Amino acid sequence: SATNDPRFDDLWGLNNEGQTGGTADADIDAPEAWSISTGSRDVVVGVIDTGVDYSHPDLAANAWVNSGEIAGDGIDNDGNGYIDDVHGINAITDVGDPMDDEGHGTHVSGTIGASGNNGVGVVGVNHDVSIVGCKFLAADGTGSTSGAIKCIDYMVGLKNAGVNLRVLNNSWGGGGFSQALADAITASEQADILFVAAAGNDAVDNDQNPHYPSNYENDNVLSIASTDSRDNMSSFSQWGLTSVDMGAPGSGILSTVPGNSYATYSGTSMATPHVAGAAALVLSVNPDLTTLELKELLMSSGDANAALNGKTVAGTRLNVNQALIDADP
């Protein structure tokens, strides 16, 4: 296999030979991309979700560590408003611990950056990367727009302070338009952060039926539909000629979950981290791209897709090999 990770062959989204019953080459060409780069711990990706299980054996090596925090001293050493935020934060309780007690955030994290070639579990689009978590969704799914905003502000704070964080994964949605959320996203744009967002799983047209945050018109929002192992648009996926940008694998995605385990989930929530992961991989090759250049590169470098054509801006399905190639520098 492309790596020595024992579950590699189940990862059709990264490499598809038809082994899960789909169509050969309906994938993002990850092994090809890995000949150029397998990623850098110096690239930081924020996951805004139910948290990140940074203790999972297949994520631990890629957990972000706050260089400005002394662990466990009960002091907010870097003065960012959260005490002892070594790996990220909990936006509900303000505790400096993004530990995932639900599962969803760990799953998306593994797709972005499960440790590669370590002989255990799976592997992310990046073999090496730094993942910082902000938990705004509780173990029972409880959360708020205010919480999501606290997360975005926190991540923007890290970036403004010099943390190399230019990609946010947002595998969540709900509610209507919020000016406060739009404004938080606008601030992230000024900080050069790409805001990747899931299109939703209700199989409707988002141009007629807006879904947030993917429908925010902010230029740095990159809205992702889900595709399957046959390169169809996933039957559950929402779409939108103007409001959704491109697609990526989200049907039957195996990844890390808490308690040192692995599980298969389906949703636009799973497509999103392939794209966030690809963005991080691109930034390991060309850090000089503006956010908009990065976004457009991910869109334009994808494979033309019959199902996504006319149902998304780019009509393409993610191809991280071509993204790296097109990224030069």
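When you see a residue number, it is the position in the sequence shown, counting from 1.
- Comparing the deposited coordinates for 204 to 212 and 106 to 114, the stretch with the larger average C-alpha B-factor is 204 to 212.
- On average the C-alpha atoms of 63 to 71 have higher B-factors than those of the other stretch, with 266 to 274 and 63 to 71 being the two compared.
- The entry assigns its greatest Cα B factor, within the set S223, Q190, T256, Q238, to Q190.
- Out of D42, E32, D49, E293, it is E32 whose C-alpha atom has the highest B-factor in the PDB entry.
- The PDB entry assigns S144 a C-alpha temperature factor belonging to the middle third of its chain's modelled residues.
- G250: CA B factor in the lowest third of modelled residues in this chain (values from the PDB entry).
- When all modelled residues of the chain are sorted by CA temperature factor, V129 is found within the middle third.
- Among the modelled residues of the chain, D100 sits in the lowest third by CA temperature factor in this PDB entry.
- In the PDB entry, a CA B factor belonging to the middle third of its chain's modelled residues is recorded for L283.
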